[PDB]
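Presented below, as structure tokens, is a lone chain in the form deposited in one PDB entry.
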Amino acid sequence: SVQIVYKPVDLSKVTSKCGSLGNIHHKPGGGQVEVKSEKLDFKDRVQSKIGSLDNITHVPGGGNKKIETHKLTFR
């Protein structure tokens, strides 16, 4: 009859090495924003955003990923 064996071996390495990481400068929305509006009409939903929003500075010293799926399926 059936014999199933699932012995995946993983000795992998994901690695980084950085001497110095820095002087990073992110200046979004330095400029002037003006928004003049006269005699508008809206009959359905309005979303508005005005200015500096959702700006990201992401500086991981590492930032390394490993993703590993295993799946053994039997019917």
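In this text, residue numbers run from 1 along the sequence as written. Basically, rigid core = biggest C-alpha set you can superpose within 1.5 Å across the two forms. Only residues modelled in both forms are compared.
Beyond what is shown, the protein has a form deposited in another entry; the following relates to that form.
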Exercise. Comparing between this form and the one not shown on the rigid core, is the C-alpha shift at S52 2 Å or larger?
Worked result: yes
Problem set entry | C-alpha of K36 off by 2 Å or more between this form and the one not shown on rigid core | yes
For this session: Fit the two forms on the core and write out the ranges of at least 3 consecutive residues whose every CA moves by 2 Å or more between this form and the one not shown.
Result: 30-53
